[PDB]
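Okay, here we've got a single chain as structure tokens, the form deposited in one PDB entry, with questions on binding and movement later.
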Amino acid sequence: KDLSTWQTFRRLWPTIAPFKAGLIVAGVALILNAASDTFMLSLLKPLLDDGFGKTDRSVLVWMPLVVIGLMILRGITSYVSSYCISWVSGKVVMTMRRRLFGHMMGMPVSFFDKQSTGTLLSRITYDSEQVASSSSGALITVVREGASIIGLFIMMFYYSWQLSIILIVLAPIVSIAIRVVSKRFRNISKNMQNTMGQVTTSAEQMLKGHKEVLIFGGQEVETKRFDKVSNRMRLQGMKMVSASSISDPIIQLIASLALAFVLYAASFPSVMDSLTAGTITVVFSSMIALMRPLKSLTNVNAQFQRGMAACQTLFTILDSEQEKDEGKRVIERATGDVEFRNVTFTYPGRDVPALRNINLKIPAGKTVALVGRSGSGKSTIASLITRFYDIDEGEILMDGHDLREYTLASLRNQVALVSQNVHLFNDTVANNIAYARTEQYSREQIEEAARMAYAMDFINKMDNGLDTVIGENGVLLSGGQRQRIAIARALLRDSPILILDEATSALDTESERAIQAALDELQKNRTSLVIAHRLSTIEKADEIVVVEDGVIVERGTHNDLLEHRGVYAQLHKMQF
């Protein structure tokens, strides 16, 4: 996927298009600074080379103030240009991060379980930053050196076309060398920024798994892994710098070969050489001045190509497959008649389907309970209900119409659940209870929701009631308190459809039935999808469905299931 530089710069250009004013101001500052420098050199040459005594004293009287003002203008122009190019770079590296965040955040769930969090995070701190160098400063430098080279080429063409033939014949050679060097530079630039994701992943694994890496020993295995990864990154950087330091000698050697050729041509006492001997010095002096522009362009090529490769891979990821959003049907306060018709779902990368012809009905104002073997089909149904994944066959109808027909935001706004592995945010308890809706819900509503979840008992025991930070993933408050806070968060939404995916997994029986009674009393005629391995919490459920290997086994009321004496009664007799 090593795209050509020009055609990816063309795609990068629209991102920098709003900030063309900074670039043009930088350019006008550059030409003004060049004019001021030429003015200063022209006025300084007679004073230095000829001598102070030779120069007139009348102009020398005002010379100090004149030079002070001239260089003050030079410095202000340099400041303006540098600030403008840096501003362009910063504003084009800010938009890149914004787009990466807004695009990766809308990715489907099936994409997040394949990639690692570290390698996704490493593209917002390192991959995006590399475009900054190649966006504005490198482009301006390349344009300036190309203009200088073209000017010197025109000067050679006007002065003497006989001695300029070698530059024409070596231009393919130097162009090919620059092209292969740039392609290689992009290669290591893409490879090295990919292994920084490995660095971030290796760091994150130890950062987020400190407890078990302490408990289970292995204080050296993680160190060895990180050492190998860091050595890989360091050697990638070494390869990049070695290529950078190799590229310059070859271009310089080509230029010196041209120098040797022109010196050898001037060695021959030809009639044209003898008649145009004065022009030989002129062309030699002009060509000896190409060394600096060539060196500057070739040196800045390294940063330009690193940034260009980062841009290439960044636009590669930015054009990935996002979540499906074909359906555009806004629905407000749906009844919640979720119904399944012969839907079979298969997780990506798995040959065996997770669900086989699963069929269940969730009418309005009814609580349905799913039980069965661990890990058979339970959480998968709740995942498909909110469309975390995409169904393969069958049809899932919400309020009589297909889920794919409704817009994603409306569907997610009408479904609120308690995740099996609750991941609380590092913020205040009030902000966590009412997440992403702090401006819509008052403090009284938050307190009432917390009370409905039997969470106000331990909240007041904290240092600051409903205002205490709980750290990363809610480490501060441990165990069942996280589940109670999640229950309060789900209840505060007042969602038409509420799903309890192991609501009381880590809750004692004293508060489990209190929460169940609160749900039964304060949430009457609300569609509920309760999932639990404890049958005692679903004794009053309207109907129970048993899932085993992702298929329908037994459905009906608790008394009907007990009289059936099937799998549900087998589990109930074992639980007692």
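Note that residue numbering begins at 1 and tracks the sequence as displayed. Between two forms, the rigid core is defined as the largest C-alpha subset superposing within 1.5 Å.
From this point on, the text means the form deposited in another entry, which you will not see here.
Candidates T468, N191, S116, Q162 - which moves between this form and the one not shown, C-alpha at least 2 Å, core fixed: Residue with a C-alpha shift of 2 Å or more: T468.
After fitting the core, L30 CA displacement of 2 Å or more between this form and the one not shown: Stays below the 2 Å threshold, so no.
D520 C-alpha relocation of at least 2 Å between this form and the one not shown, rigid core basis: Superposed on the core, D520 moves its C-alpha 2 Å or more between this form and the one not shown.
Cα displacement of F216 between this form and the one not shown reaching 2 Å, rigid core superposed: Yes, shifts by 2 Å or more.
Closer or farther in the other entry: C-alpha pair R526, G479 (3 angstroms or more): Between the C-alphas of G479 and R526, the gap narrows in the other entry (3 Å or more compared with this form).
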